[PDB]
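Trainee: The data below comprise the sequence and an experimental structure of the protein.
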Amino acid sequence: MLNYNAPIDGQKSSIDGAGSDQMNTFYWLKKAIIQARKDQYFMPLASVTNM
Amino acid sequence: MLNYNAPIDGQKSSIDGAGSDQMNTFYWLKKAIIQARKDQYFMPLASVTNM
Amino acid sequence: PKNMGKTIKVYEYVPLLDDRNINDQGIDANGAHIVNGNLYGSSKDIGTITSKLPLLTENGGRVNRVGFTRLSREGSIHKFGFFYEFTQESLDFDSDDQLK
């Protein structure tokens, strides 16, 4: 019946055979989950005297 | 030195730690290698008689 | 291209009449599922083609079903390279002046 058994889970898609398998099996979101700087509450309260 | 190792053969890349791996590990050329029709004699030497 | 691993893979598309078309979906003229389904495949026996011809009747439905297969050709890339050292006094104070 030429199904599309889940290729990620291991079941090869019905069209594929021998050693072919599916190749694009997931859409990569090209936007990373990045963190931000943890805030500072003591560094601002500091005058700088040169040396 | 964080090295690429070999993700295709199983060795995870150094920066890809815990449950992660490279998510573009090859290239689809997207140009299928197909075969043409077999040479056909017999068939073109034929007259037709409509029914 | 860069940033895509080290492997080029393509897709092969086997024709219907081909021994490489080892598919499951196949049902013969008698309406019975068979272990094959690339019709007569690549064999050229008169008896075999006669017995596997997609012959159909007046009131004929699910009678002859074919199947298709797909193949992939992997291709990798490797690295090579050698080198050689050479001392300074092995280039200035030497017989030949064009050793480098």
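Mentor: Everything's here; your move. Residues are numbered from 1 along each chain as shown, chains lettered A, B, ... in the order given.
Trainee: Could you report the separation of the residue lying farthest from the centre of chain A from residue A:26?
Mentor: The C-alpha centroid of chain A is most remote from residue A:51, which lies 46.8 Å away (C-alpha atoms, centre = their mean). Noted for residue A:51: a distance of 55 Å to residue A:26, by C-beta to C-beta, to the nearest Å. Every residue, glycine included, has its C-beta placed from N, CA and C.
Trainee: Show me where chain C has its strands.
Mentor: Counting by DSSP state E, residue ranges of the strands within chain C are C:8-13, C:70-75.
Trainee: do the last one and chain B meet at all?
Mentor: Yes. Using C-beta under 8 Å from any C-beta of the partner chain, a contact is recorded between strand C:70-75 and chain B, made by residue C:73.
Trainee: what's the answer for the first one, then?
Mentor: Yes. Applying C-beta under 8 Å from any C-beta, one finds that strand C:8-13 is in contact with chain B at C:8, C:9, C:10, C:11, C:12, C:13.
Trainee: Filter the residues you listed down to the buried ones.
Mentor: Buried subset of the residues of strand C:8-13 next to chain B (neighbour count, 16 or more other C-beta atoms under 10 Å in any protein chain shown): C:8, C:9, C:10, C:11, C:12.
Trainee: follow-up on the earlier one: okay, the residues of strand C:8-13 next to chain B in CSV with distance to residue C:24 next?
Mentor: Shown next, in CSV, are these (distance: C-beta to C-beta, whole Å):
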residue, distance to residue C:24
C:8, 30
C:9, 24
C:10, 24
C:11, 20
C:12, 19
C:13, 18
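Trainee: Which residues of chain A lie near chain B?
Mentor: Near chain B, when you scan chain A using C-beta under 8 Å from any C-beta, you find A:23, A:24, A:26, A:28.
Trainee: hang on, residue C:18 packs against residue C:42?
Mentor: Yes. At 5.9 Å, residue C:18 counts as touching residue C:42 under the criterion of C-beta atoms under 8 Å.
Trainee: And the two? Which one has more around it.
Mentor: Shown here are residue C:18 and residue C:42; by other C-beta atoms under 10 Å in any protein chain shown, residue C:18 has more neighbours (15 against 11).
Trainee: State the distance from that one to chain A.
Mentor: Here the distance between residue C:18 and chain A works out to 11 Å (C-beta to the nearest C-beta, to the nearest Å).
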